[PDB]
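Engineer: Okay, here's the structure, questions in a sec.
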Number of protein chains: 2
Amino acid sequence: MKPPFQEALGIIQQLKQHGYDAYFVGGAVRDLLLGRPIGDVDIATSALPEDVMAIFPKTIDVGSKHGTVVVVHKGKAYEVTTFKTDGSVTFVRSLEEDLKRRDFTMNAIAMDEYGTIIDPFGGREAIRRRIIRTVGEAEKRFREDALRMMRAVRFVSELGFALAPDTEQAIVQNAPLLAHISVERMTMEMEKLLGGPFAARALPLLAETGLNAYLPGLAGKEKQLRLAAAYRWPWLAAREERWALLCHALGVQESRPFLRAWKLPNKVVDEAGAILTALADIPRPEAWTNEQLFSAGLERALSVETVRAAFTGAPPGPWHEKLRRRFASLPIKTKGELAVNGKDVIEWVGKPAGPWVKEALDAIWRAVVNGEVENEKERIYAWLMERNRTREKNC
Amino acid sequence: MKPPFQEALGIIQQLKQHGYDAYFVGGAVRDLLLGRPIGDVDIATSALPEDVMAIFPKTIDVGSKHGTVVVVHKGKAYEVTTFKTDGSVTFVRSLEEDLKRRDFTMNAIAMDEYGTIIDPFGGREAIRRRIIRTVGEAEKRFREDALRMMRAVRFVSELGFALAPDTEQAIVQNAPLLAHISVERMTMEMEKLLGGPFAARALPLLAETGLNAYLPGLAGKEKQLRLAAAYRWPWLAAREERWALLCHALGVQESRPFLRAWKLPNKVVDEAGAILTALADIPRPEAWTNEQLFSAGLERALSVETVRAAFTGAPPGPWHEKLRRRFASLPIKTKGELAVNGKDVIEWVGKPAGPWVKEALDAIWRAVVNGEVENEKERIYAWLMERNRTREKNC
Ligand SMILES: Nc1ccn([C@@H]2O[C@H](COP(=O)(O)OP(=O)(O)OP(=O)(O)O)[C@@H](O)[C@H]2O)c(=O)n1
Ligand SMILES: Nc1ccn([C@@H]2O[C@H](COP(=O)(O)OP(=O)(O)OP(=O)(O)O)[C@@H](O)[C@H]2O)c(=O)n1
Ligand SMILES: [Mg+2]
Ligand SMILES: [Mg+2]
Ligand SMILES: [Mg+2]
Ligand SMILES: [Mg+2]
């Protein structure tokens, strides 16, 4: 018994004692078998949501309308699912009926409270061979939930399996069915695919399969995707950095309309382009400017070089480290640090409050930062004063 | 800082550091103030669901569509809710806007990471006085969510507060609006109200208010409800035992159609009647019969006397203890224990398999139980054999 399932063993036990019968199901079994780090432990039972909400103290009702209940056990969250037949939903007592409904074979395994692998679908084979195959006709299943395709391809990104000949085919043939699946749902899938350790050949595949030109803004970029192979994807740390390079390697013009089609939250689509930009503007890592760094702010700066990295081949290590230095020597690091107040500039140049004031301070920080004038009140005063009679001699 | 919030303090802290601002909200504050045992710790913040899913590792998405996110922290489950205005939902930054939307004042409190109570609605007053008052016009709020009434009455059950004159009034005037709220939702509320420590005057109130005759099967039972006052509700330990007595004191004829209207699960409505029945059939605690006990099975037996208790005044203590003895002396306690097999009765009376067989075994347990014949094979054989030539001499 692996500690993953060890603590999770209770869930089963209590479900068995109340005469219910339960199994470990899903990837957790796969990962265990495959020999991956074990993800979410998932548990499937013949006990109805209501029976599970009676047995366990903490019970979160996520969607008792389609089988699942989240059971807080011993300080974790496990997803217990009453066996079902994907028709509304129909609940059975046949575990075999349940496995029978899942996307692919690697997923359709189950292990008993004792540790005996229950594989009525050749999951065990699939894994040794490392192949994503459909549970039943690949055709019928994609008709049963089109999204099942995207993920067949994400799995390729996430595990590094190959697709099954008849399964892959089925995708190109049934490609259209995607436009029927909500964008929201497509995005989360794209966003895991992207973080694959095999992303590199997931994306291309996304193309060789019919799947391209049904996903947001991925019309006819076939060439771009296949090429995407050389990108060091897996050193991208973050979602932004992800979307970031994804754009770049598509060559995507305006990041904003694109990432928005993907129904991504603003804060990403904003910081997305943020970096996409700083990247175009700075073509070289040595070229970062005390101004520019201050402007983008450490975190983003680094993320820039890490995207750059994923494009170049050049390890970001040293740059990250040079930026981290520079940024902690920038005589200020935010605008709020500026020893001098917007009101100070008014009482100083004897003008009414207005538009000029911004431009003033605008050019004061760019002075403090580039080390031109200190960040003390007195000196910035003279600095301002003495640069205003300069703007009289010049015109 | 009370331990409840102590561990929960982290949730706030990390939401503050990422510049977000959060508060403890809800009954947890009420309970703390009131000086009750502290229930669910709840947290409200300006950070959107997505921001909360980014910051914390474990993040359960219960309904990010209306603000709430369940954040698993340090081994518990806390509900973080992005401030909102109950219009679809609109998210703000104003905590004051958030409090302003909640049902009643006791609930509309908030405490900061430091321990400073934030009461912009006189919750603190309401609690000292022990009064359930509406946050704003009692009228408008019941139009905003009719169910708010049921609970204004359950709260009476739960805490032992009185209703505010203008609030109580508003209920009778706006009584009708209930039929618009899903039964499912009414039941859960009734199911808490019933377990109230003040249940006794909650039920009556449920009547003096317009609330009666909008709840399942509670048409015109006004008299029955008011009388319901004398029942020792609070010693009812279980759901069944609850519905059980509720039926009884309403005098409800057929339990089955009634409890079912409440959209209660079967296993309850079944065990519900179960007891309701055993109760009508056995009018006296001394009258339990080795048969009857074996038949209902300890647990339910006790439950029966516990309901009887809630009706009589007589403490179940002794009976429960007498039952628990008798039942562990019953020479068998289930039907599966019977040393004699249905197949044994066939190969013994030389008849084909059929309906008589049940009737045979049926009268064998009742013979093993009442201590008439042993629960060994040999002796039951004889016992059966010698009672079949008895049924020849008799007719
Ligand atoms: N379109 C989908 C998506 C998922 N599943 C099923 O839902 C379970 C859990 O879903 P998921 O979160 O995707 O976990 P796994 O598919 O098991 O793999 P992973 O945990 O890496 O996502 C799986 O066992 C799978 O059979 C499905 O039948 N159809
Ligand atoms: N119809 C409802 C039901 C609940 N609430 C709000 O949702 C929050 C949590 O709901 P609940 O689980 O009922 O907790 P409390 O009302 O605070 O009290 P208790 O924990 O005893 O149920 C509360 O702060 C309350 O203001 C609401 O505004 N309208
Ligand atoms: Mg888990
Ligand atoms: Mg999973
Ligand atoms: Mg809790
Ligand atoms: Mg609560």
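Chain lettering (A, B, ...) mirrors the order of the structure tokens, residue numbering begins at 1 for each chain separately, and ligand numbering begins at 1 in order of display.
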Can you list every residue of chain A that has an atom at most 12 Å from ligand 5, with its nearest atom pair and the distance in Å to one decimal, using only C-alpha atoms and all ligand atoms, ordered by chain then number, as a Markdown table?

Structural biologist:
| residue | atom | partner | partner_atom_place_in_ligand_line | distance |
| --- | --- | --- | --- | --- |
| A:57 | CA | ligand 5 | 1 (Mg) | 11.2 |
| A:58 | CA | ligand 5 | 1 (Mg) | 8.5 |
| A:59 | CA | ligand 5 | 1 (Mg) | 10.6 |
| A:60 | CA | ligand 5 | 1 (Mg) | 10.6 |
| A:72 | CA | ligand 5 | 1 (Mg) | 10.5 |
| A:75 | CA | ligand 5 | 1 (Mg) | 11.6 |

Engineer: If we count only C-alpha atoms, which residues of chain A reach to within 8 Å of chain B? Please list them as a PyMOL selection string.

Structural biologist: chain A and resi 50+61-62+74-76

Engineer: For those residues, write C-alpha atoms to a file as an mmCIF file, in the first residue's frame.

Structural biologist:
data_model
loop_
_atom_site.group_PDB
_atom_site.id
_atom_site.type_symbol
_atom_site.label_atom_id
_atom_site.label_comp_id
_atom_site.auth_asym_id
_atom_site.auth_seq_id
_atom_site.Cartn_x
_atom_site.Cartn_y
_atom_site.Cartn_z
ATOM 1 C CA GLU A 50 -26.783 10.563 0.042
ATOM 2 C CA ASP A 61 -21.802 18.649 -2.386
ATOM 3 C CA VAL A 62 -20.074 19.591 -5.611
ATOM 4 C CA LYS A 74 -8.255 12.785 7.622
ATOM 5 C CA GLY A 75 -7.283 16.182 6.280
ATOM 6 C CA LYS A 76 -7.543 15.791 2.469
#

Engineer: Within 6 Å of segment 31-44 of chain B, counting only C-alpha atoms, which residues qualify if same-chain residues fewer than 2 places away don't, as a short mmCIF file (atom, residue, chain, number, x, y, z; two decimals) with N, CA and C atoms, in the first residue's frame?

Structural biologist:
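Ended up saving to out.cif:
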data_model
loop_
_atom_site.label_atom_id
_atom_site.label_comp_id
_atom_site.auth_asym_id
_atom_site.auth_seq_id
_atom_site.Cartn_x
_atom_site.Cartn_y
_atom_site.Cartn_z
N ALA B 22 -9.08 40.58 3.71
CA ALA B 22 -10.06 39.56 4.06
C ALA B 22 -10.53 39.69 5.51
N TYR B 23 -11.71 39.10 5.76
CA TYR B 23 -12.35 39.09 7.08
C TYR B 23 -13.03 37.76 7.41
N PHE B 24 -13.06 37.45 8.70
CA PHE B 24 -13.91 36.41 9.21
C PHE B 24 -15.31 36.97 9.16
N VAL B 25 -16.24 36.17 8.66
CA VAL B 25 -17.61 36.63 8.53
C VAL B 25 -18.57 35.54 8.98
N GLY B 27 -21.67 33.43 11.13
CA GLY B 27 -22.06 32.92 12.44
C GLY B 27 -20.92 32.63 13.38
N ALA B 28 -19.81 32.17 12.82
CA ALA B 28 -18.58 31.94 13.54
C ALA B 28 -18.25 33.12 14.45
N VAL B 29 -18.60 34.32 14.00
CA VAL B 29 -18.39 35.55 14.74
C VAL B 29 -19.51 35.63 15.75
N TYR B 78 -12.27 25.72 4.64
CA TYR B 78 -12.90 26.99 4.91
C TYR B 78 -13.49 27.60 3.63
N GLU B 79 -14.62 28.30 3.77
CA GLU B 79 -15.35 28.88 2.63
C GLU B 79 -15.02 30.38 2.45
N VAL B 80 -14.20 30.67 1.43
CA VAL B 80 -13.79 32.05 1.11
C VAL B 80 -14.70 32.69 0.06
N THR B 81 -15.34 33.79 0.42
CA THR B 81 -16.28 34.41 -0.52
C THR B 81 -15.94 35.87 -0.92
N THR B 82 -15.67 36.06 -2.21
CA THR B 82 -15.41 37.38 -2.76
C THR B 82 -16.65 38.22 -2.60
#

Engineer: Give me, as a PDB file with N, CA, C and O atoms, in the first residue's frame, all polymer residues having an atom no more than 10 Å from residue 337 of chain A, counting only C-alpha atoms and skipping those fewer than 6 positions away in the same chain.

Structural biologist:
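Listing of around-v4.pdb after writing:
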ATOM      1  N   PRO A 331      17.726  52.353  -7.389  1.00  0.00           N
ATOM      2  CA  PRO A 331      17.659  53.250  -6.232  1.00  0.00           C
ATOM      3  C   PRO A 331      16.241  53.435  -5.706  1.00  0.00           C
ATOM      4  O   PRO A 331      16.072  53.941  -4.602  1.00  0.00           O
ATOM      5  N   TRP A 365      11.249  60.101 -11.873  1.00  0.00           N
ATOM      6  CA  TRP A 365      11.593  58.718 -11.494  1.00  0.00           C
ATOM      7  C   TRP A 365      12.657  58.228 -12.457  1.00  0.00           C
ATOM      8  O   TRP A 365      13.684  57.721 -12.018  1.00  0.00           O
ATOM      9  N   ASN A 375      17.417  60.351  -4.680  1.00  0.00           N
ATOM     10  CA  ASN A 375      16.013  60.274  -4.333  1.00  0.00           C
ATOM     11  C   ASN A 375      15.808  60.886  -2.982  1.00  0.00           C
ATOM     12  O   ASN A 375      15.316  60.267  -2.071  1.00  0.00           O
TER      13      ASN A 375
END

Engineer: Would you mind writing down, as a PyMOL selection string, each residue of segment 109-177 of chain B that DSSP on the backbone assigns to helix (DSSP H, G or I)?

Structural biologist: chain B and resi 123-129+138-144+148-158+165-173+175-177

Engineer: Suppose we keep N, CA, C and O atoms; can you now write the selection as a compact mmCIF listing (two decimals), in the first residue's frame?

Structural biologist:
# COMPACT_ATOMS: atom_id res chain seq x y z
N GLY B 123 -25.35 44.04 14.74
CA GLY B 123 -25.33 42.63 15.06
C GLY B 123 -25.01 42.54 16.53
O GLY B 123 -25.75 41.92 17.30
N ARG B 124 -23.93 43.20 16.92
CA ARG B 124 -23.51 43.15 18.30
C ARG B 124 -24.64 43.47 19.27
O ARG B 124 -24.78 42.78 20.27
N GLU B 125 -25.45 44.51 18.96
CA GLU B 125 -26.68 44.80 19.72
C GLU B 125 -27.67 43.63 19.70
O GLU B 125 -28.10 43.15 20.75
N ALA B 126 -28.01 43.15 18.49
CA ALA B 126 -28.94 42.04 18.32
C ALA B 126 -28.61 40.83 19.21
O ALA B 126 -29.51 40.21 19.77
N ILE B 127 -27.33 40.53 19.36
CA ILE B 127 -26.88 39.37 20.12
C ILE B 127 -27.02 39.51 21.65
O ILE B 127 -27.48 38.59 22.33
N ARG B 128 -26.61 40.66 22.18
CA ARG B 128 -26.83 41.00 23.59
C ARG B 128 -28.32 40.88 23.94
O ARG B 128 -28.68 40.26 24.94
N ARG B 129 -29.16 41.48 23.09
CA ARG B 129 -30.62 41.43 23.22
C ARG B 129 -31.19 40.08 22.80
O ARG B 129 -32.32 39.75 23.15
N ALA B 138 -37.29 44.20 6.36
CA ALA B 138 -37.70 42.81 6.46
C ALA B 138 -38.54 42.40 5.26
O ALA B 138 -38.45 41.27 4.77
N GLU B 139 -39.35 43.35 4.80
CA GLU B 139 -40.17 43.16 3.62
C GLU B 139 -39.30 42.88 2.40
O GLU B 139 -39.40 41.79 1.82
N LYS B 140 -38.44 43.83 2.03
CA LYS B 140 -37.62 43.71 0.81
C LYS B 140 -36.74 42.46 0.78
O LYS B 140 -36.59 41.82 -0.26
N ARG B 141 -36.18 42.10 1.93
CA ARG B 141 -35.30 40.94 2.04
C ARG B 141 -35.99 39.60 1.78
O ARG B 141 -35.41 38.72 1.15
N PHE B 142 -37.21 39.45 2.28
CA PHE B 142 -38.03 38.27 2.01
C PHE B 142 -38.49 38.19 0.56
O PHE B 142 -38.85 37.12 0.07
N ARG B 143 -38.52 39.34 -0.11
CA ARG B 143 -38.77 39.39 -1.55
C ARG B 143 -37.49 39.02 -2.30
O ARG B 143 -37.54 38.47 -3.40
N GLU B 144 -36.33 39.30 -1.69
CA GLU B 144 -35.02 38.98 -2.26
C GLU B 144 -34.66 37.49 -2.18
O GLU B 144 -33.83 37.01 -2.97
N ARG B 148 -35.55 32.99 3.28
CA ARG B 148 -35.02 33.71 4.44
C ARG B 148 -35.94 33.63 5.66
O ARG B 148 -35.50 33.81 6.80
N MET B 149 -37.22 33.34 5.43
CA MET B 149 -38.21 33.25 6.52
C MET B 149 -38.10 31.93 7.30
O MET B 149 -37.76 31.95 8.49
N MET B 150 -38.34 30.80 6.65
CA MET B 150 -38.09 29.52 7.27
C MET B 150 -36.93 29.63 8.26
O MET B 150 -37.07 29.29 9.43
N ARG B 151 -35.80 30.14 7.80
CA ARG B 151 -34.58 30.14 8.59
C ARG B 151 -34.62 31.13 9.72
O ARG B 151 -34.07 30.85 10.79
N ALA B 152 -35.26 32.29 9.50
CA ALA B 152 -35.52 33.22 10.60
C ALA B 152 -36.23 32.51 11.76
O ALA B 152 -36.05 32.90 12.92
N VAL B 153 -37.00 31.47 11.43
CA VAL B 153 -37.70 30.61 12.40
C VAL B 153 -36.83 29.45 12.89
O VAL B 153 -36.86 29.09 14.06
N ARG B 154 -36.05 28.84 12.01
CA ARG B 154 -35.14 27.81 12.46
C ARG B 154 -34.17 28.43 13.43
O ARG B 154 -33.85 27.84 14.45
N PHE B 155 -33.69 29.63 13.10
CA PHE B 155 -32.73 30.28 13.98
C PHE B 155 -33.32 30.36 15.40
O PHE B 155 -32.64 30.04 16.39
N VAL B 156 -34.60 30.72 15.47
CA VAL B 156 -35.34 30.70 16.72
C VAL B 156 -35.20 29.34 17.39
O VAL B 156 -35.07 29.24 18.61
N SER B 157 -35.20 28.29 16.59
CA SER B 157 -35.03 26.95 17.10
C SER B 157 -33.59 26.74 17.59
O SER B 157 -33.34 26.05 18.58
N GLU B 158 -32.66 27.37 16.88
CA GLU B 158 -31.26 26.97 16.96
C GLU B 158 -30.57 27.69 18.09
O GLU B 158 -29.74 27.12 18.79
N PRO B 165 -40.22 42.41 16.16
CA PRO B 165 -41.62 42.73 15.87
C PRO B 165 -41.89 43.03 14.40
O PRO B 165 -42.78 42.40 13.83
N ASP B 166 -41.14 43.96 13.80
CA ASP B 166 -41.31 44.31 12.39
C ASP B 166 -40.91 43.17 11.44
O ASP B 166 -41.46 43.06 10.34
N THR B 167 -39.96 42.33 11.89
CA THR B 167 -39.48 41.18 11.12
C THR B 167 -40.50 40.04 11.11
O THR B 167 -40.87 39.54 10.05
N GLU B 168 -40.94 39.63 12.30
CA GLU B 168 -42.00 38.63 12.46
C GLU B 168 -43.24 39.01 11.66
O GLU B 168 -43.73 38.22 10.86
N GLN B 169 -43.73 40.24 11.86
CA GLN B 169 -44.84 40.75 11.08
C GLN B 169 -44.59 40.48 9.60
O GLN B 169 -45.33 39.71 8.97
N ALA B 170 -43.52 41.06 9.06
CA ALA B 170 -43.17 40.88 7.66
C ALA B 170 -43.34 39.42 7.17
O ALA B 170 -43.71 39.19 6.02
N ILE B 171 -43.10 38.46 8.05
CA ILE B 171 -43.22 37.05 7.68
C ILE B 171 -44.66 36.69 7.35
O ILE B 171 -44.94 36.16 6.27
N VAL B 172 -45.57 36.99 8.27
CA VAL B 172 -46.98 36.66 8.10
C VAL B 172 -47.52 37.33 6.83
O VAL B 172 -48.26 36.72 6.06
N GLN B 173 -47.11 38.58 6.61
CA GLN B 173 -47.54 39.36 5.46
C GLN B 173 -47.00 38.79 4.15
O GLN B 173 -47.69 38.78 3.13
N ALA B 175 -45.81 35.64 3.81
CA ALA B 175 -45.87 34.18 3.90
C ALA B 175 -45.87 33.45 2.54
O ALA B 175 -45.07 32.52 2.35
N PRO B 176 -46.74 33.87 1.61
CA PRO B 176 -46.95 33.13 0.36
C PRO B 176 -45.68 32.76 -0.37
O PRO B 176 -45.58 31.64 -0.89
N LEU B 177 -44.72 33.69 -0.39
CA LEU B 177 -43.53 33.60 -1.25
C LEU B 177 -42.75 32.29 -1.17
O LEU B 177 -41.92 32.00 -2.04

Engineer: Could you list the protein, DNA and RNA residues that have any atom within 6 Å of ligand 1, counting only C-alpha atoms and all ligand atoms, and write them as an MDAnalysis selection string?

Structural biologist: chainID A and resid 26:27 102:103 107 147:148

Engineer: Now that the selection is made, can you save its residues with N, CA and C atoms as a JSON list (two decimals), in the first residue's frame?

Structural biologist:
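The result, stored in selection_15.json:
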[["chain", "number", "residue", "atom", "x", "y", "z"],
["A", 26, "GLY", "N", -9.17, 5.53, -11.52],
["A", 26, "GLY", "CA", -8.66, 6.66, -12.26],
["A", 26, "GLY", "C", -7.17, 6.73, -12.29],
["A", 27, "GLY", "N", -6.69, 7.93, -12.53],
["A", 27, "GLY", "CA", -5.29, 8.14, -12.81],
["A", 27, "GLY", "C", -4.38, 7.68, -11.71],
["A", 102, "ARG", "N", -15.58, 5.27, -18.95],
["A", 102, "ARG", "CA", -14.47, 6.25, -18.92],
["A", 102, "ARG", "C", -13.78, 6.44, -20.30],
["A", 103, "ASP", "N", -13.08, 7.56, -20.45],
["A", 103, "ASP", "CA", -12.50, 7.97, -21.73],
["A", 103, "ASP", "C", -11.60, 6.91, -22.36],
["A", 107, "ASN", "N", -7.11, 5.01, -17.83],
["A", 107, "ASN", "CA", -8.03, 5.57, -16.87],
["A", 107, "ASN", "C", -9.05, 4.55, -16.35],
["A", 147, "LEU", "N", -15.05, 16.68, -26.33],
["A", 147, "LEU", "CA", -13.86, 17.14, -25.64],
["A", 147, "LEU", "C", -12.86, 16.00, -25.44],
["A", 148, "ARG", "N", -13.35, 14.77, -25.37],
["A", 148, "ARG", "CA", -12.48, 13.63, -25.11],
["A", 148, "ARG", "C", -11.28, 13.62, -26.03]]
